[PDB]
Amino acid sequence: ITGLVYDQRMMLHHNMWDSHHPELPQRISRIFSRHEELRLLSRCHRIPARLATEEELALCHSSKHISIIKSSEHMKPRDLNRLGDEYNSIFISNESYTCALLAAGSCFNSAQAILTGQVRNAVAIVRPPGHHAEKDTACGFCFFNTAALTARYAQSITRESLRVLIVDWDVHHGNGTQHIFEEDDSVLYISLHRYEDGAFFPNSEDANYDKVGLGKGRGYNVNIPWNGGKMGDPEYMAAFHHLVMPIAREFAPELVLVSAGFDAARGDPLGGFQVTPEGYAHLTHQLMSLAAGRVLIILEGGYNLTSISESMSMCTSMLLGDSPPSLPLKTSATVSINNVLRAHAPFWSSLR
C-alpha cells in the first residue's frame, strides 16, 4: 500500500505582489491532477493533512521564529511585504502560516502511517517547501523545515535513535536541513545540488563537499555539489551508484525521507538541469531497497508544472510497485564524485 497526502488548502499561500513568481499555488494541484490522469490516485491510500502544532514546530525551530511567522496571519499587505523582505527570498500572505503548518502536519501523518504499518511508503504533495528553512529563520520560499521536522517527529513517535536518511535531490542545497542535523549521527543528510562554486542559490560554501558534519555528526553530512555542467540522468545515476547507495546501505536507515524537489528536472526554468521522469523513477526505485521499503517522498521545489507533475507521478508509480522504465558522464561530474570520496572515505568503509 502506498499512501498519498494532498490538501488543497496549501494552494492558498501566494505572492500578492508578483503573480508570476514560480512558487505557484498550481504546483501541487497540477501534480495531483496528473496522479488522477495517470490513474495513480485510486491506487493509493489517501492520508489526511493536519496542522502541525507549535510544540511540534519546536522540534527544530525557535520559539521566536514560530511566533514571528504566526504573527503574519492577520497582517496588512504593507506589513506582509515588510516582514517577507526581512528574509532571503520569502513572500508571505495571510494564509502562508496555515499552509506551512499543513505541509509539516501532512508529512507527520504520512511518517506515522508508514511507521505504524498502515502503508509501506507514501508521497506528500505539499507546499510551501521547507529545506531552506533554518532553526531561527525563513529562507528561499521556506518557512519551516518540513523534512527536518518530519525526521524529528518520526523519532518522537518511535525512538530517538531511529536512523533517518534524508536524501535531498532538489537542485538546491538544503542549508536548513544540513545545519539542523549538522552535529547529529542519528540523521544522515545526503544532498545533491548544483553548486557552481557558490554562484547557485543559496550561495553558501556550506554546500561544498568538504562540509562533512561536526562533532559526533562528523561523517553524517554528505554534500554532492555539481559544477560546470548540465547534469542529468547519467550523473545522478553515477552519484547514486558510487556515493548515495553505498553510504546509505552502510548507514542502514530505518526511514528514508526524500526532500524531493523536482527543479533538477528537464525543463525547469530555475535549475537548468535535465533529469528525466524516468531518471527520477530509477532514483526512487533504488531508494526503495532501503529501510524495508519505507520511503516518504516530500515535495520541495520544482517549478516547471509539466515536469514536476510527470516526475513526481513517476516516483509514485515506483512506490506502487510498477516496473522501472527503460533509460559518458560530464567530466566535472567525475571530479565532483571523486571530491566527495576524498572527504568521506575516512567515515564510510563502503567507499573503499
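One rule holds for the numbers: they count along the sequence shown, beginning at 1.
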Item to check | Stretch exceeding the other in mean C-alpha B-factor - 194-202, 110-118 | outcome: 110-118
Checklist entry - So which stretch wins on mean C-alpha B-factor, 167-175 or 211-219? => result 211-219
Checklist entry - Highest CA temperature factor in the entry: which of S309, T53, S42, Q26? => result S42
Item to check | Residue with maximal Cα B-factor (values as given in the PDB entry) among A264, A148, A252, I90 | outcome: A252
Checklist outcome for this item: By the entry's values, the third containing the CA B factor of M11 is the lowest
Checklist entry - Thinking about Cα B factors across the chain, which third does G228 belong to? => result middle
Checklist outcome for this item: Chain-relative C-alpha B factor for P129 (record values, thirds): the lowest
Checklist outcome for this item: Of the three thirds of the chain ranked by Cα temperature factor, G84 occupies the lowest
Checklist entry - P234: which third of its chain by C-alpha temperature factor? => result middle
